[PDB]
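Every read-out reported here was derived from the displayed coordinates using simple, explicitly stated rules and does not represent laboratory data. For neighbour counting, all protein chains shown are included, and Cβ atoms are generated from backbone atoms with ideal geometry for every residue, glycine included.
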């Protein structure tokens, strides 16, 4: 299972394989942190220890590589 953290919010743990792909994951995470509809452009990043943007890799490699997920503000990057 995989930590997701967002500053000022209590963190959550998800099992990424419960998703078909990135579109399901963005929605579900947006809802969970009471920011519905604000993750289509706030950055959704994950960590391999380099920090990368979620969505570039193939899904299948992503689920096998991801250790942590964060939701970063424009200000935290």
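Here are the numbers:
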read-out	value
Residue 63 vs. criteria over 11 Å from residue 4 (Cβ atoms) and either in contact with a helix residue (DSSP H, G or I) (Cβ under 8 Å, 6 or more places away or on another chain) or surrounded by 15 or more Cβ atoms within 10 Å (Cβ to Cβ) (or both)	yes
Within region 12-34, tally of residues that are touching a strand residue (DSSP E or B) at 6+ places or on another chain (Cβ under 8 Å), part of a loop (DSSP other than H, G, I, E, B) and surrounded by 13 or more Cβ atoms within 10 Å (Cβ to Cβ)	1
Members of region 1-11 found to be surrounded by fewer than 16 Cβ atoms within 10 Å (Cβ to Cβ) and farther than 15 Å from residue 65 by Cα, listed by number	5, 7, 8, 9, 10, 11
